[PDB]
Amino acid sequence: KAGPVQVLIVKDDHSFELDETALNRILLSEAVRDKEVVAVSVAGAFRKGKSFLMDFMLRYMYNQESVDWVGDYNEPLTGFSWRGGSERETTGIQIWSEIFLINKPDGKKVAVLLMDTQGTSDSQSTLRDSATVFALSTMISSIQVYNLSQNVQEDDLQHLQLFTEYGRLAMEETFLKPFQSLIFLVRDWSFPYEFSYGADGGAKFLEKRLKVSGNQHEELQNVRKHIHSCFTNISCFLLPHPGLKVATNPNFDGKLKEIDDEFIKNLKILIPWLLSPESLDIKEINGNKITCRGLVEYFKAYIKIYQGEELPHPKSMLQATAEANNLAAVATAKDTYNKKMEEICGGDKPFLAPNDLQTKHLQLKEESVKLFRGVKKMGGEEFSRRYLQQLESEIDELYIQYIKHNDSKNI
């Protein structure tokens, strides 16, 4: 019997593990391994109904040819594990064990893979944990549902930009856009009188939100340009709140009779708009359509890159800013020392007595140390200590170079 399968395992030590056996068993079966694959993912902040949504996607995938695929209104919602409570439920990445075979309007018979992910920003996860899951699901899926709550905030765009860039870094160089379809799914949209629920309201909302204009600040322009650069198709769907019973009742188990009717009405539109045979886009990587067997190889390849240390680590805004502040200050203090030493023992300056050279070096070292300390930096003085010691060590190294330059002028 079909069920969810844990394929990306996140460990308590923040390491990642691919369950290759379970993955090979689902995607290398004879019926699917050679078919071109459509991979649908949902990702975004944790505790926002992602697994819940995926389980309605499952109902549609099993009952496409039925007018009432949304189900019996007394049927509980099953599949991927979903629940209330403040603590995360999904970890890593899970896929549905049954690969769906669908006929496109082309006549092409394609394999459809459904992928559910650990929400970002939970209380147990580093930024590297969250970015790796989100980048991997974007790199593997051909349709990425970016699940957002209520609105699209500038920090939603900055996270998307960080995660997609992290994905790009693990990918081979390419002249085409790295990714395919992205849907901004806005849950609990509260303003249907400003933009109607659904795809047409969402398209107008998103055009406004992502619009680049010349009078816009560069920081605002650049995040929008980066998002457009990454995806060949970007859509948006505004979804109503499903009712306070769905959000707050601990006995709720997914029965449609307990879900707000306007939510159901739009949910019935959203799922086929995402998953109908005409809207299923086959996965492509660097301009080649991928089969299920091909997808398995890329999954293994990408995880290995993220398991190693070839790529830089994503860092928080304060941590990354502190590091850049300190690196820039080291460079400035070191450059100051170099140019000041050139004034007293550059090539065109006379030989200096060794004791004089030492006195002037110690003075110029102290001046560069005071320059470094005086620059305002994020992170605090304790964070700076490592960079202060590096600075002093590199200046001491430079000094020995100058001892030898000076010595050459008295031979």
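Residue numbers run from 1 along the displayed sequence.
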Mean C-alpha temperature factor, higher of 301-309 and 127-135: 301-309
Of 51-59 and 66-74, the one with larger mean CA B-factor: 66-74
Per the PDB entry, maximal CA B factor within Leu162, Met317, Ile269, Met115: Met317
Out of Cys236, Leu295, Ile282, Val145, residue topping the C-alpha B-factor column of the entry: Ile282
Third of the chain, ranked by Cα B-factor, where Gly44 sits: lowest
Assigned third (lowest, middle, highest) for the C-alpha B factor of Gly84: lowest
Cα B factor band for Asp188 (lowest, middle or highest third within the chain): lowest
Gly346 by Cα B-factor - lowest, middle or highest third of the modelled chain: middle
Among modelled residues of the same chain, the CA temperature factor third for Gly119: lowest
